[PDB]
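Asker: Please read through the structure below; I'll follow up with questions.
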Amino acid sequence: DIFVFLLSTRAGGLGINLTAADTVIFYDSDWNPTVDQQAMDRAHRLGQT
DNA sequence: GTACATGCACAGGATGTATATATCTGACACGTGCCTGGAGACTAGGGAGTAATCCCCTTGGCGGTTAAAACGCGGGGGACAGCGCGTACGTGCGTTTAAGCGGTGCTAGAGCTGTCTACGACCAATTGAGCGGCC
């Protein structure tokens, strides 16, 4: 059921492994990359199909 | 040397009490579990010490005037009788709370949920001191 999950890149995401997500949206971008790259891959990982 | 307050006894009713009885508070023996005595390891502030040096309390001389002690001037505080407004007994009547056994509420506990301030901590911007160039 739960359509959408709300996160922060520097706390909500950290290694949290949301394989049930199909898609990712950045409503914000950080002054450093890597945090966004991790934020994507906390969905984009080997547990998806 | 004095006689009013103390000191001993009578009169007598109540209060200190014994026998007789039923029972709930306290004693006892059990264990849970709360937590305190001991004791360990380390932190790093509190304390003690050496030390410098500054300034208050006591001290001694002195001058002032107030209380003490004495005295004069004179009345209100300690003591007897009447007036009359309260204070202490005793009863009827019953207002009042007792003491009871359930019905229900709200008060208490431990914990949760929600702060939510308020505190370090990390994270990313952006800024001043560091060293070098130029005419």
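Chain labels follow the order of the structure tokens: the first chain is A, the next B, and so on; residue numbering restarts at 1 in every chain, and ligands are counted from 1 in their shown order.
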Taking the DSSP secondary structure from the backbone, can you list the residues of chain A that are alpha helix (DSSP H), as a list in words?
Answerer: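 Listing alpha helix (DSSP H) positions across chain A yields residues 35, 36, 37, 38, 39, 40 and 41 of chain A.
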Asker: Since we have the selection now, will you write its residues out, keeping C-alpha atoms, as an mmCIF file, in the first residue's frame?
Answerer:
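Output file result06.cif follows:
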data_model
loop_
_atom_site.group_PDB
_atom_site.id
_atom_site.type_symbol
_atom_site.label_atom_id
_atom_site.label_comp_id
_atom_site.auth_asym_id
_atom_site.auth_seq_id
_atom_site.Cartn_x
_atom_site.Cartn_y
_atom_site.Cartn_z
ATOM 1 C CA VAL A 35 25.343 11.737 -0.544
ATOM 2 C CA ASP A 36 22.964 11.752 -3.554
ATOM 3 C CA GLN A 37 24.839 8.751 -5.054
ATOM 4 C CA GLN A 38 24.315 6.809 -1.792
ATOM 5 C CA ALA A 39 20.678 8.077 -1.620
ATOM 6 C CA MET A 40 19.941 6.578 -5.088
ATOM 7 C CA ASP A 41 21.637 3.270 -4.254
#
Asker: So that each row is one residue of chain A with an atom at most 10 Å from chain B, can you give its shortest atom pair and the distance in Å to one decimal, using only C-alpha atoms (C1' of nucleotides), rows by chain and rising number, as JSON lines?
Answerer:
{"residue": "A:10", "atom": "CA", "partner": "B:123", "partner_atom": "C1'", "distance": 9.9}
{"residue": "A:30", "atom": "CA", "partner": "B:124", "partner_atom": "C1'", "distance": 8.7}
{"residue": "A:31", "atom": "CA", "partner": "B:124", "partner_atom": "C1'", "distance": 6.9}
{"residue": "A:32", "atom": "CA", "partner": "B:124", "partner_atom": "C1'", "distance": 8.3}
Asker: Write a file of the just-selected residues containing C-alpha atoms, as a PDB file, in the first residue's frame.
Answerer:
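For reference, again02.pdb as written:
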ATOM      1  CA  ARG A  10      22.446  12.627   5.682  1.00  0.00           C
ATOM      2  CA  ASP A  30      23.782  18.731  -1.431  1.00  0.00           C
ATOM      3  CA  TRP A  31      26.891  20.886  -1.970  1.00  0.00           C
ATOM      4  CA  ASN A  32      28.778  17.554  -2.083  1.00  0.00           C
TER       5      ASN A  32
END
Asker: Between CA of residue 44 (chain A) and CA of residue 20 (chain A), what distance in Å does the model show, to one decimal?
Answerer: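 Result for CA of residue 44 (chain A) versus CA of residue 20 (chain A): 10.1 Å, one decimal.
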Asker: Between CA of residue 29 (chain A) and CA of residue 8 (chain A), measure the distance and give it in Å to one decimal.
Answerer: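 Those two atoms sit 10.4 Å apart.
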Asker: Select, from A:26, A:43, A:33, A:1, the residue with the minimum atom-to-atom distance to residue 14 (chain A), counting only C-alpha atoms.
Answerer: A:43
Asker: Kindly give the distance, in Å, that separates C1' of residue 78 (chain B) and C1' of residue 1 (chain B), rounded to a single decimal.
Answerer: 25.2 Å
Asker: Considering only C-alpha atoms, can you say which of A:6, A:11, A:28, A:18 comes closest to residue 46 (chain A)?
Answerer: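 For residue 46 (chain A), the nearest of the candidates is A:18.
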